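Remarks on the structure that follows.
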Amino acid sequence: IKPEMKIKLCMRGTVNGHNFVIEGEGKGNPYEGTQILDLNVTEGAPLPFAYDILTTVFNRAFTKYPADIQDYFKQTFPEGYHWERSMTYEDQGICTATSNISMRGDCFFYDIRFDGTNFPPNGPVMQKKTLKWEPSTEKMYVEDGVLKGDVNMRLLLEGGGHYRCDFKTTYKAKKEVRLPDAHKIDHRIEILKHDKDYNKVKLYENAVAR
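Structure (C-alpha coordinates):
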(Lines of atoms letter the chains of each structure in order from A and count residues from 1; the text may use other names and numbers.)
(Lines give C-alpha, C1' and ligand atoms only; values in the text may rest on other atoms or scores of the structure.)
Protein backbone atom coordinates (compact mmCIF):
# COMPACT_ATOMS: atom_id res chain seq x y z
CA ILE A 1 0.00 0.00 0.00
CA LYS A 2 1.84 3.07 -1.33
CA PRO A 3 1.26 6.66 -0.05
CA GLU A 4 -0.24 7.34 -3.45
CA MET A 5 -2.52 4.70 -4.99
CA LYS A 6 -4.45 4.55 -8.28
CA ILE A 7 -8.11 3.59 -8.63
CA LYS A 8 -9.92 1.92 -11.45
CA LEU A 9 -13.49 0.65 -11.17
CA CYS A 10 -16.52 -0.45 -13.09
CA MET A 11 -20.03 -0.04 -11.72
CA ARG A 12 -22.85 -2.09 -13.32
CA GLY A 13 -26.33 -1.23 -12.14
CA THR A 14 -30.06 -0.71 -12.36
CA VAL A 15 -32.29 1.82 -10.65
CA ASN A 16 -36.09 1.67 -10.99
CA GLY A 17 -35.42 -0.69 -13.88
CA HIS A 18 -33.01 1.59 -15.76
CA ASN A 19 -29.73 -0.14 -16.64
CA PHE A 20 -26.43 1.73 -16.53
CA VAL A 21 -22.68 1.33 -16.58
CA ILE A 22 -20.17 3.75 -15.06
CA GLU A 23 -16.39 3.44 -15.22
CA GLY A 24 -14.02 5.52 -13.15
CA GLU A 25 -10.35 6.15 -12.60
CA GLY A 26 -8.53 8.22 -10.00
CA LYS A 27 -5.91 8.50 -7.25
CA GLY A 28 -5.70 8.82 -3.50
CA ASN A 29 -3.53 8.99 -0.45
CA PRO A 30 -4.60 6.05 1.72
CA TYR A 31 -2.69 7.25 4.75
CA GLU A 32 -4.22 10.76 4.48
CA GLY A 33 -7.76 9.42 3.91
CA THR A 34 -8.39 11.27 0.66
CA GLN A 35 -9.10 10.34 -2.95
CA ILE A 36 -10.37 11.78 -6.21
CA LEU A 37 -12.25 9.73 -8.81
CA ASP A 38 -13.27 10.76 -12.32
CA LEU A 39 -16.46 8.91 -13.25
CA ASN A 40 -17.89 8.35 -16.72
CA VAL A 41 -21.27 6.93 -17.57
CA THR A 42 -20.71 4.52 -20.47
CA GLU A 43 -24.20 2.97 -20.69
CA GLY A 44 -27.66 4.22 -19.80
CA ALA A 45 -26.99 7.95 -20.12
CA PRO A 46 -28.48 10.31 -19.18
CA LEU A 47 -29.11 8.87 -15.68
CA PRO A 48 -32.65 9.66 -14.78
CA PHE A 49 -32.00 9.67 -11.01
CA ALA A 50 -30.00 11.55 -8.37
CA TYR A 51 -26.33 10.75 -8.75
CA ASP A 52 -25.73 11.19 -4.98
CA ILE A 53 -27.30 7.72 -4.42
CA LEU A 54 -24.13 6.23 -6.02
CA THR A 55 -21.34 8.34 -4.54
CA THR A 56 -20.58 6.41 -1.35
CA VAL A 57 -20.55 3.17 -3.39
CA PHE A 58 -17.77 4.64 -5.58
CA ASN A 59 -12.99 1.77 -0.36
CA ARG A 60 -12.21 2.14 3.35
CA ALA A 61 -8.56 1.63 2.44
CA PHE A 62 -8.69 5.42 1.97
CA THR A 63 -9.00 6.26 5.67
CA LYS A 64 -6.49 7.89 7.91
CA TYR A 65 -6.05 5.62 10.91
CA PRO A 66 -4.41 6.58 14.25
CA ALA A 67 -1.44 4.34 15.15
CA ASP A 68 -3.48 2.67 17.91
CA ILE A 69 -6.60 1.77 15.95
CA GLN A 70 -6.19 -1.47 14.07
CA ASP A 71 -6.40 -0.68 10.33
CA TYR A 72 -8.26 -3.79 9.00
CA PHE A 73 -8.69 -2.45 5.46
CA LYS A 74 -5.08 -1.69 4.54
CA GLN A 75 -4.23 -5.08 6.00
CA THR A 76 -6.46 -7.06 3.60
CA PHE A 77 -3.99 -6.35 0.80
CA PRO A 78 -2.49 -7.51 -1.41
CA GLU A 79 -5.26 -10.15 -1.59
CA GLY A 80 -8.07 -7.60 -1.05
CA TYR A 81 -11.60 -7.62 0.36
CA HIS A 82 -15.27 -7.18 -0.56
CA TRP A 83 -18.11 -5.27 1.12
CA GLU A 84 -21.87 -5.29 1.00
CA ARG A 85 -24.29 -2.55 1.76
CA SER A 86 -28.03 -2.09 2.10
CA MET A 87 -29.32 1.43 1.89
CA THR A 88 -32.83 2.05 3.19
CA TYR A 89 -34.26 5.47 2.44
CA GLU A 90 -36.98 7.07 4.54
CA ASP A 91 -39.36 6.73 1.58
CA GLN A 92 -38.90 2.99 1.06
CA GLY A 93 -36.60 3.39 -1.92
CA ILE A 94 -34.10 0.56 -1.36
CA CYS A 95 -30.63 -0.03 -2.87
CA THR A 96 -28.06 -2.73 -2.28
CA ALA A 97 -24.50 -2.60 -3.46
CA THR A 98 -21.62 -5.05 -3.55
CA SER A 99 -17.99 -4.18 -4.19
CA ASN A 100 -15.12 -6.59 -4.74
CA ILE A 101 -11.80 -4.77 -4.27
CA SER A 102 -8.42 -6.13 -5.48
CA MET A 103 -4.98 -4.65 -6.16
CA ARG A 104 -2.27 -4.85 -8.91
CA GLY A 105 0.91 -2.88 -8.20
CA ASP A 106 0.08 0.71 -7.37
CA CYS A 107 -3.62 0.31 -8.43
CA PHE A 108 -6.89 -0.75 -6.71
CA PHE A 109 -9.62 -2.35 -8.85
CA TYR A 110 -13.28 -2.29 -7.83
CA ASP A 111 -15.93 -4.56 -9.32
CA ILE A 112 -19.24 -2.99 -8.29
CA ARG A 113 -22.86 -3.96 -8.56
CA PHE A 114 -25.59 -1.45 -7.63
CA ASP A 115 -29.37 -1.87 -7.57
CA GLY A 116 -32.07 0.56 -6.51
CA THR A 117 -35.74 -0.48 -6.28
CA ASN A 118 -39.08 1.19 -5.38
CA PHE A 119 -38.14 4.88 -5.48
CA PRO A 120 -41.27 7.09 -5.55
CA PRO A 121 -41.45 8.44 -9.09
CA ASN A 122 -42.13 11.86 -7.63
CA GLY A 123 -39.53 11.53 -4.88
CA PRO A 124 -36.33 13.52 -4.55
CA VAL A 125 -34.31 10.72 -6.09
CA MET A 126 -36.27 10.25 -9.32
CA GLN A 127 -36.74 14.05 -9.56
CA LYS A 128 -33.09 14.83 -8.84
CA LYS A 129 -33.64 17.25 -5.92
CA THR A 130 -30.57 16.16 -3.99
CA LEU A 131 -27.64 18.51 -3.28
CA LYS A 132 -25.13 16.49 -1.21
CA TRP A 133 -24.59 14.02 1.67
CA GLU A 134 -24.03 15.70 5.09
CA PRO A 135 -20.75 14.86 6.82
CA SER A 136 -21.39 11.63 8.76
CA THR A 137 -19.98 9.18 11.29
CA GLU A 138 -19.82 5.51 10.59
CA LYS A 139 -19.93 3.21 13.65
CA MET A 140 -17.54 0.30 13.09
CA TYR A 141 -18.14 -2.74 15.23
CA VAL A 142 -18.03 -6.53 15.25
CA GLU A 143 -20.97 -8.90 15.33
CA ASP A 144 -20.76 -12.68 15.07
CA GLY A 145 -17.18 -12.34 13.86
CA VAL A 146 -17.78 -9.93 10.96
CA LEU A 147 -16.61 -6.34 10.63
CA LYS A 148 -19.75 -4.19 10.35
CA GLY A 149 -20.40 -0.43 9.83
CA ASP A 150 -23.59 1.50 10.50
CA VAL A 151 -24.36 5.08 9.62
CA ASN A 152 -27.41 7.27 9.62
CA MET A 153 -27.06 9.25 6.42
CA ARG A 154 -28.61 12.58 5.46
CA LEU A 155 -28.89 13.90 1.91
CA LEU A 156 -29.53 17.66 1.75
CA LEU A 157 -32.39 18.54 -0.65
CA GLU A 158 -33.05 21.58 -2.77
CA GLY A 159 -34.86 23.97 -0.49
CA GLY A 160 -32.87 22.98 2.57
CA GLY A 161 -34.64 19.82 3.76
CA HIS A 162 -33.02 16.42 4.45
CA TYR A 163 -33.85 12.97 3.21
CA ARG A 164 -32.51 10.23 5.48
CA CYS A 165 -31.04 6.83 4.72
CA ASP A 166 -29.94 3.97 6.88
CA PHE A 167 -26.65 2.38 5.70
CA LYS A 168 -25.62 -1.05 6.95
CA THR A 169 -22.36 -2.36 5.59
CA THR A 170 -20.42 -5.61 5.99
CA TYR A 171 -16.71 -5.72 5.26
CA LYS A 172 -14.90 -8.99 4.67
CA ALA A 173 -11.20 -9.64 4.08
CA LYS A 174 -10.22 -12.07 1.33
CA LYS A 175 -7.61 -13.70 3.63
CA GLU A 176 -8.55 -13.73 7.31
CA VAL A 177 -7.35 -10.58 9.12
CA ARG A 178 -7.62 -9.89 12.83
CA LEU A 179 -10.71 -7.84 13.54
CA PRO A 180 -10.27 -4.31 14.93
CA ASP A 181 -11.91 -2.93 18.05
CA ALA A 182 -14.99 -0.76 17.79
CA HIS A 183 -14.41 2.72 16.54
CA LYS A 184 -15.81 5.51 14.41
CA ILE A 185 -15.14 7.00 11.00
CA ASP A 186 -15.91 10.62 10.13
CA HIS A 187 -16.84 11.02 6.45
CA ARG A 188 -17.11 13.97 4.08
CA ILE A 189 -17.97 13.28 0.47
CA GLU A 190 -18.41 15.85 -2.29
CA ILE A 191 -19.02 16.06 -5.98
CA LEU A 192 -16.37 18.63 -6.95
CA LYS A 193 -17.44 18.89 -10.53
CA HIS A 194 -19.96 17.41 -12.92
CA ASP A 195 -21.22 18.08 -16.41
CA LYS A 196 -24.90 18.71 -17.03
CA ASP A 197 -26.21 15.14 -16.86
CA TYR A 198 -23.55 13.79 -14.51
CA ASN A 199 -22.07 11.87 -17.45
CA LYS A 200 -18.69 13.09 -16.17
CA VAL A 201 -18.25 13.53 -12.41
CA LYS A 202 -15.25 14.30 -10.20
CA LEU A 203 -15.83 13.03 -6.67
CA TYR A 204 -13.92 13.58 -3.48
CA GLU A 205 -13.83 11.82 -0.14
CA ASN A 206 -12.07 12.50 3.15
CA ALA A 207 -12.33 9.92 5.97
CA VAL A 208 -10.68 9.77 9.34
CA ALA A 209 -10.87 6.99 11.95
CA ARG A 210 -11.38 8.03 15.62
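Each residue of the sequence shown is one higher than the last, beginning at 24 in the working numbering. For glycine and all other residues, C-beta sits at the position ideal for the given N, C-alpha and C.
CA nearest to the CA of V169, picked from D134, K197, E113
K197
Is DSSP giving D75 helix, strand or coil here?
helix
In whole angstroms, give me the CA-to-CA distance for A205 and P158.
Going from the Cα of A205 to the Cα of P158 covers about 20 Å.
Under DSSP, the beta strand (DSSP E) around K223 begins and ends at which residues?
That run of the beta strand (DSSP E) goes 223 to 232.
Pick from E102, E55, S109 that is closest to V80, judged by C-alpha positions
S109
From the DSSP output, in three-state form, read off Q150 for me.
coil
Span separating the alpha-carbon of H41 from that of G67
Each residue's alpha carbon lies about 7 Å from the other.
Less than 8 Å between the C-beta atoms of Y54 and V200, yes or no?
No, these two residues do not count as a Cβ contact at 8 Å.
Looking at C-alpha atoms only, which residue of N123, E181, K207, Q98 is the closest neighbour of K151?
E181
Is the separation between the beta-carbon of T86 and that of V174 shorter than 8 Å?
no
Own chain residues within Cβ distance below 6 Å of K216, not counting five before or after
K225
With a threshold of 16 other CB atoms inside 10 Å of the CB of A90, please say whether the residue is buried or exposed.
Exposed, by the Cβ-count rule.
For the region 117 to 129 and the region 101 to 108, state whether three or more C-beta atom pairs, one from each stretch, are separated by less than 8 Å.
yes
In whole angstroms, give me the CA-to-CA distance for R187 and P144.
17 Å
Under three-state DSSP, which class holds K162?
strand
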